[PDB]
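Colleague:
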Amino acid sequence: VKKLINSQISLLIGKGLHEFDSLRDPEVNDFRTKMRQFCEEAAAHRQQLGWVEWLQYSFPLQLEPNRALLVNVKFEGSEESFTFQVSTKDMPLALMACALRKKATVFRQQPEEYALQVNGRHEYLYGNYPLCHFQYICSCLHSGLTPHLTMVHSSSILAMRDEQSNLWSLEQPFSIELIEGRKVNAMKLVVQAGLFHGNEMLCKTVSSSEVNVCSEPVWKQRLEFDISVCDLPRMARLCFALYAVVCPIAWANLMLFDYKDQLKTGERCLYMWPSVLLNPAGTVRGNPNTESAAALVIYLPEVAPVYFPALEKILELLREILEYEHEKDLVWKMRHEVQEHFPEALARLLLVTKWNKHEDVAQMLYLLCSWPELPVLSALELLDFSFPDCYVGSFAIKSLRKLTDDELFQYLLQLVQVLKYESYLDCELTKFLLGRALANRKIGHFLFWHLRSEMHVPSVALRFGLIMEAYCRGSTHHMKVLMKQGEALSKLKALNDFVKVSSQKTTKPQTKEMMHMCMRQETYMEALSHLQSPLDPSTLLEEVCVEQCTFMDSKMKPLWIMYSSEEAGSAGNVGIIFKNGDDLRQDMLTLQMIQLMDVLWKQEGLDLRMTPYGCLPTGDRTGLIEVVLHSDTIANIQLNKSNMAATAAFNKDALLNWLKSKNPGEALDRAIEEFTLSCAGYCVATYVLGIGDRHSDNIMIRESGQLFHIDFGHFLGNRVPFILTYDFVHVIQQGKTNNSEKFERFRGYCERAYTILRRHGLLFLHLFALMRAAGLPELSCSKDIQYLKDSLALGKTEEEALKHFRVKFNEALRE
Ligand SMILES: CC[C@H](Nc1ncnc2nc[nH]c12)c1nc2cccc(F)c2c(=O)n1-c1ccccc1
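When the letters of the sequence shown are read in order and numbered with full-length UniProt numbering, they come out as residues 109 to 173, 187 to 230, 235 to 291, 316 to 335, 339 to 398, 416 to 445, 452 to 479, 482 to 494, 510 to 515, 523 to 917, 928 to 1024.
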């Protein structure tokens, strides 16, 4: 009934729906009701999409950011295949008319009625783009492999669709009364309060009296702030630090206006969070661990039922050098000049805006509502917490709406982290994310896992749980596809626990055949088979190949799980790596950032042949990593074993002999080149990102020659030199001792890659800035972000920045 759906939702999101109701919170109840209706409405929009439109929804196109190729095409019901010779400039439709024509001239006698599906993948070829513009067609073109497509009729596509159906007056100073407190430590106690607007103070901080530490203390003391009530901005938050003195203890935050714009009065009790002192960016909701949390009771005086004013009320109420408070000055009362001729300097203007005086806010807000929509880049900036105003927030979302799904996919990790800055449940960002997720099934997929992966974190468990419930309201079908994934994940965790225990008392071979017998149980085989990969929903994991599964007998004992699809061929031969105990958040950001570099590089005609493999936290220190097959570790290669084709007279030849043995004849030149581009790319990626501890065990190489890094762990120096491994350098130089020709080719690739990224330095700064919200220990300060600015060197000219890169590069061929 409606009871099955709720029950599955509770199971899927890892928090029982009954818990939301137990809260008796009308903000929560109104979110669940408003957002439910919102998502149910998208669902009904979706179930009457035209078949091409539904293809777009469910299998969005994977495009790259003259020549002839061999193609193989069949139909759904058939087993019979045709192999054609088409161009690369040919549209998909051209391909489809060929297929249909030979179907006639084989079965005896309209392209528009079909789409092309990659065999064994939820991925399709359609639209007026030449074949080479397709990522699948491209991967094939570089691996020598032949594309395998299936002609799928609009009437079967329609089947899939249906299958998935379902006030200014108050001029007295702001003051609170600090009543009591409720938990203990070790000395005297102090409560520091601060009115904050984002990260800036609306006035001086105000402390309290000192009382003896034990208790359950009592102040009943009146804290009054240097700020009038009528000047409290909408998004103003009051922040408390509780600590000790002759020693940090707890913090807690509260909005002065509720989620209904009403100014807060009366007494409220604050269940604090443990520290290490004021913490303005911390969540504005209480600690859910009410049992053992210090509690802070305060009283907000009832200054009359005063609402924050409607906007209609609010609206009625040398300089280019800069592109000091003798500089703000001229930005602010030349504000109109900034709207006229510098509409992109909005951020700067909002920053010199004093937010502690209401009639200033109104004049900014008056300019804001007439402000021309801004570029995505600028928009990404405005989402930062340093622009806490809810109207700036809406402007930002509004300027963000022109995000393509690819861009949105690319930035989604950040946007999701920014949810932790939000002051209320119901907000524009969330509505924006659910709207986009419901419009694109891949976005939906990853929005879900980013939220799901943090349900063990109580700061966000409620917000994130609510958001997943709403989404689940929007696609009952995808919810079940997603449960399917989580039943797989649940199994791998129990499997991994077994292997960990087993391997502490048993040889590896015997634990492996033990792992296998466990996988062979009915329960496992069913749960682990026939799902979409959480790493990429267009990858289908069909039959788990048990004999090819194993584990690494290192540390966390990660699992190696292989799959096959008797209908995808070699494209269905795919693996996933499950790891439990390590924190995979660091690696996901790094590999996301490397993916972006790769895109930026490729849009300026530079392909450094990167391997940005999937990496996905799915839970508390739990996740999946994408298996890159036909690759081996440098360390393994460098072992220089006997009886191997790669066996070498000098250790430095090992890497190259291995390459020769995998790439005989004139195949060899291609692999050196791939090695060269990919090494260039990774050297630069790790330098900019400040990723040290790079060694032969966390660098791998593909039989094609491509090199790629793994297990990044940290980034941002937590100052890393550029590095150059002589062993890589001597693959690049083709085995030859000196080879400036081939060494400077590579120097060029490094420089070109470096300068290209430099040109997009603002994008990386904006993205990393928003990631501060994620709570990665490597990404906290301003000196973390300063690290990126120096590795990209944006405080300098392209000419002299290149000169600084050359010295570090040259210092790096030290070895
Ligand atoms: C750490 C190196 C390596 N990591 C990776 N191997 C393949 N694709 C990857 N994608 C990300 N990390 C990728 C690895 N990771 C594993 C993880 C779990 C279970 C395992 F058996 C392995 C394993 O055997 N290797 C391995 C080692 C030496 C050669 C070949 C593969």
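C-beta: ideal position from N, C-alpha, C; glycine also.
In whole angstroms, what is the alpha-carbon distance linking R901 and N839?
Modeller: As a first step, residue 901 must be located in the sequence shown, where it is residue number 702. As a first step, residue 839 must be located in the sequence shown, where it is residue number 640. Between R901 and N839, the C-alpha separation is close to 17 Å.
Colleague: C959 by DSSP, collapsed to three states: which one?
Modeller: Reading the sequence shown from its first residue, position 750 is the one you call residue 959. DSSP places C959 in helix when its eight states are reduced to three.
Colleague: Give me the DSSP bridge partner(s) of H349.
Modeller: On the sequence shown, position 197 is the one that residue 349 refers to. Beta-bridge pairing links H349 to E352.
Colleague: Helix, strand or coil for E746? Go by DSSP, reduced to three states.
Modeller: Taking the sequence shown and counting its residues from 1, the one referred to as residue 746 is at position 547. DSSP places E746 in helix when its eight states are reduced to three.
Colleague: Measuring alpha carbon to alpha carbon, tell me which of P587, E329, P736 ends up nearest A469.
Modeller: Start at 1 with the first residue of the sequence shown, and residue 469 comes out as number 294. It is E329.
Colleague: Leaving out the 5 sequence neighbours to the left and right, which residues in its chain are closer than 6 Å to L250 when beta-carbon positions are compared?
Modeller: Numbered from its first residue, the sequence shown carries residue 250 at position 125. Once the five neighbours on either side are set aside, the close Cβ partners of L250 are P213, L241, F259.
Colleague: May I ask which residues mark the beginning and end of the beta strand (DSSP E) holding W759?
Modeller: Working through the sequence shown from its first residue, we reach residue 759 at position 560. Residues 758 to 764.
Colleague: Under 7 Å Cβ to Cβ from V745, same chain only, skipping five residues before and after it: list those, please.
Modeller: As a working mapping, residue 745 is identified with position 546 in the sequence shown. Here the set comprises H715, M718, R719.
Colleague: Using beta-carbon positions only, say whether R389 and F323 come within less than 7 Å of one another.
Modeller: In the sequence shown, counting from the first residue as 1, residue 389 sits at position 237. In the sequence shown, counting from the first residue as 1, residue 323 sits at position 174. For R389 and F323, no; Cβs fall outside 7 Å.
Colleague: May I ask whether a heavy atom of ligand 1 can be found less than 6 Å away from the beta carbon of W759?
Modeller: Counted from its first residue, the sequence shown places residue 759 at position 560. Yes; taking the cut-off as 6 Å, the Cβ of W759 has a heavy atom of ligand 1 nearer than that.
Colleague: Compute the minimum distance between the beta carbon of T832 and the heavy atoms of ligand 1, and state whether it is under 6 Å.
Modeller: Position 633 of the sequence shown holds residue 832. True, at least one ligand heavy atom lies under 6 Å from that Cβ.
Colleague: In the DSSP assignment, the alpha helix (DSSP H) including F931 goes from what residue to what residue?
Modeller: Looking up residue 931 in the sequence shown gives position 722. Counting along the chain, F931 falls outside any alpha helix (DSSP H), and DSSP gives it neither H nor E.
Colleague: Starting from the C-beta of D559, find all residues in its chain whose C-beta is less than 7 Å away, skip the five residues before and the five after it, and write them out in chain order.
Modeller: What you label residue 559 is simply residue 360 of the sequence shown in a count that begins at 1. Cβ neighbours of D559 beyond the five flanking positions: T552, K553.
Colleague: Indicate, with yes or no, if ligand 1 has a heavy atom lying under 6 Å from the CB of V680.
Modeller: As a first step, residue 680 must be located in the sequence shown, where it is residue number 481. No.
Colleague: Starting from the Cα of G813, find the closest Cα among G822, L579, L807, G457 and give me that residue.
Modeller: Taking the first residue of the sequence shown as 1, we reach residue 813 at position 614. Answer by Cα proximity: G822.
Colleague: Got a sec, what are the start and stop residues for the beta strand (DSSP E) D605 sits in?
Modeller: Working through the sequence shown from its first residue, we reach residue 605 at position 406. That residue, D605, is in no beta strand (DSSP E); its alpha helix (DSSP H) goes 604 to 616.
Colleague: Buried or exposed: where does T817 fall if 16 or more other Cβ atoms within 10 Å of its Cβ makes it buried?
Modeller: Position 618 of the sequence shown, counted from the first residue, corresponds to residue 817. Looking at its Cβ environment, which holds 16 or more other Cβ atoms inside 10 Å, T817 is buried.
Colleague: In whole angstroms, give me the CA-to-CA distance for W648 and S732.
Modeller: Walking along the sequence shown from the start, residue 648 turns up at place 449. Walking along the sequence shown from the start, residue 732 turns up at place 533. So the alpha carbons of these two residues sit roughly 12 Å apart.
Colleague: Using a Cβ-Cβ cut-off of 6 Å (strictly less than) and excluding sequence neighbours within five positions of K372, which residues of its own chain qualify?
Modeller: As a working mapping, residue 372 is identified with position 220 in the sequence shown. Excluding sequence neighbours, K372 sits near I328.
Colleague: Within this structure, are the beta carbons of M276 and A220 separated by less than 7 Å?
Modeller: Working through the sequence shown from its first residue, we reach residue 276 at position 151. Working through the sequence shown from its first residue, we reach residue 220 at position 99. Going by C-beta atoms, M276 is nearer than 7 Å to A220.
Colleague: Whole angstroms are fine: how far does the CA of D781 sit from the CA of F952?
Modeller: Against the sequence shown, residue 952 aligns to sequence position 743. Against the sequence shown, residue 781 aligns to sequence position 582. Their backbone Cα atoms lie some 38 Å apart in a straight line.
Colleague: In chain order, what residues of the same chain lie with their CB nearer than 6 Å to the CB of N422, ignoring the 5 residues before and after it?
Modeller: Start at 1 with the first residue of the sequence shown, and residue 422 comes out as number 253. Result list for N422: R389, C391, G457, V459, in chain order.
Colleague: Taking all protein chains shown into account, decide if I833 is buried (16 or more other Cβ within 10 angstroms of its Cβ) or exposed.
Modeller: Position 634 of the sequence shown holds residue 833. Buried, since its Cβ has 16 or more Cβ neighbours within 10 Å.
Colleague: DSSP has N364 in a bridge; who is on the other side?
Modeller: Here residue 364 corresponds to residue number 212 of the sequence shown, with the count starting at 1. Answer is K340.
Colleague: Any chance the stretch 847 to 864 sits against the stretch 880 to 893, with 3 or more Cβ pairs inside 8 Å?
Modeller: The stretch 847 to 864 vs the stretch 880 to 893: no contact.
Colleague: For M339, count the other beta carbons within 10 Å of its own beta carbon; 16 or more makes it buried, fewer makes it exposed. Which is it?
Modeller: Residue mapping note: residue 339 aligns to position 187 of the sequence shown, counting from 1. Counting Cβ neighbours within 10 Å, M339 comes out exposed, since fewer than 16 surround it.
Colleague: Compute every distance between the C-beta of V826 and the non-hydrogen atoms of ligand 1, then say whether any falls below 6 Å.
Modeller: Your numbering for residue 826 matches position 627 in the sequence shown. Within the cutoff, so yes.
Colleague: Would you mind giving the Cβ-Cβ distance between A962 and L805, rounded to the nearest angstrom? I have them listed as a contact below 8 Å.
Modeller: Along the sequence shown, read from residue 1 onward, the residue named residue 962 stands at position 753. Along the sequence shown, read from residue 1 onward, the residue named residue 805 stands at position 606. With a Cβ gap of about 7 Å, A962 and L805 count as contacting.
Colleague: Decide yes or no for the touch test of the stretch 136 to 155 against the stretch 612 to 629: beta carbon pairs closer than 8 Å, at least 3 of them.
Modeller: They touch, by the three-pair rule.
Colleague: Assuming the contact rule is C-beta atoms closer than 8 Å, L216 and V192 should be a hit. Round their C-beta distance to whole Å, please.
Modeller: Within the sequence shown, numbered from 1, the residue matching residue 216 stands at position 95. Within the sequence shown, numbered from 1, the residue matching residue 192 stands at position 71. Going by Cβ atoms, the distance from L216 to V192 rounds to 7 Å, so yes, they are a contact pair.
Colleague: Name the one or two DSSP bridge partners that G774 has.
Modeller: In the sequence shown, residue 774 corresponds to position 575, counting from 1. DSSP output for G774 lists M761 as bridge partner(s).
Colleague: Any heavy atom of ligand 1 closer than 6 Å to the beta-carbon of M713?
Modeller: Within the sequence shown, residue 713 is the residue found at index 514, counting from 1. No, since every heavy atom of ligand 1 falls outside the 6 Å radius drawn around the Cβ of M713.
Colleague: Helix, strand or coil: which one does DSSP assign to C814?
Modeller: For the purposes of this step, residue 814 is taken as the residue at position 615 of the sequence shown. Reduced to three states, the DSSP call for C814 is strand.
Colleague: Ligand 1 and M751: does any heavy atom of the ligand fall closer than 6 Å to the residue's C-beta?
Modeller: Walking along the sequence shown from the start, residue 751 turns up at place 552. Under cutoff, so the answer is yes.
Colleague: If you reduce the DSSP assignment to three classes, tell me which class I824 lands in.
Modeller: As a working mapping, residue 824 is identified with position 625 in the sequence shown. In the structure shown, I824 sits in a strand (DSSP, three-state: E or B).
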